[PDB]
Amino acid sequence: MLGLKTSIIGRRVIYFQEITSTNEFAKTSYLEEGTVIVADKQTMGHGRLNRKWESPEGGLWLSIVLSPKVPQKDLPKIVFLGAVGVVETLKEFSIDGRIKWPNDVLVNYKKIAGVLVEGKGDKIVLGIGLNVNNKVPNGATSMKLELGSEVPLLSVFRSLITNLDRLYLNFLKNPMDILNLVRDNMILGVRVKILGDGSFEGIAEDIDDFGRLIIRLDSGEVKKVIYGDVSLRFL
């Protein structure tokens, strides 16, 4: 009854009034590629590790099952598909979303969305949490807060699914294309602090051909940060 016209993402949609976590349900259940798991609220939503992701009613909490047939070397770029998809949807609603490498979307440096990709073999789960009309924690913002008025959640869902399907289809044929879109929508040219096994500061210059964040330290040393157990902090 939703009348989705996408090719892969959105072929099927499983909606829940409440769920523990759409990413967990998607990882655990036997699902077809393109199936979207979405819930009004999550009781055990999580980000990066197992850090809690606030998922109250009013936001868009979903996960997408993917089985990309592209080269193994390209797989790490799925998180960017989610971030760019969110940015494109935000621009459709006239909200200035910008990507904070590697998985966050900010509006005036406040976190409006987070992307979490989890994989086990050939099955990849793309999770996206976007604050729409819900209350948010400190350090965050929402579409409603930025626009000053409520936004139809279903409209945001339709927009995002349409964008993700297009991005995913093109990723299958041109896996390098997404990097261009990321660079064009990412926060760069500013000082950042990279937190991981230790920490260092420098200018976030760009992302390379593998999506690694290129940082120029003050002494001129160039470091390449790869996606993993590393966080980014703006100064």
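Quick note: we count residues from 1 along the sequence shown, nothing fancier.
Which of the two stretches, 118-126 or 70-78, shows the higher mean Cα temperature factor in the record?
The stretch with the larger mean CA B-factor is 70-78.
May I ask you to compare 172-180 and 194-202 by their mean CA B factor in the entry and name the higher one?
Looking at the record's C-alpha B-factors, the answer is 194-202.
Per the PDB entry, which option out of 214, 14, 226, 9 has the greatest Cα B factor?
Most elevated C-alpha B-factor of the set, per the entry: 226.
Considering only 96, 104, 146, 165, which residue's Cα atom bears the greatest B-factor as recorded?
That would be 146.
Going by the entry, which third of its chain does the Cα temperature factor of residue 150 land in?
For residue 150, the deposited C-alpha B-factor lands in the highest third.
Lowest, middle or highest third: where is residue 50 by C-alpha B factor in its chain?
CA B-factor rank for residue 50: highest third.
Looking at the C-alpha B-factor of residue 138, is it in the lowest, middle or highest third of its chain?
Ranked within chain, residue 138 CA B lands in the highest tercile.
Would you mind ranking residue 209 by its C-alpha B-factor against the rest of the chain and naming the third, lowest, middle or highest?
CA B-factor rank for residue 209: highest third.
Would you check the entry's CA temperature factor for residue 42 and let me know if it's in the chain's lowest, middle or highest third?
Answer is lowest: the recorded C-alpha B-factor places it there.
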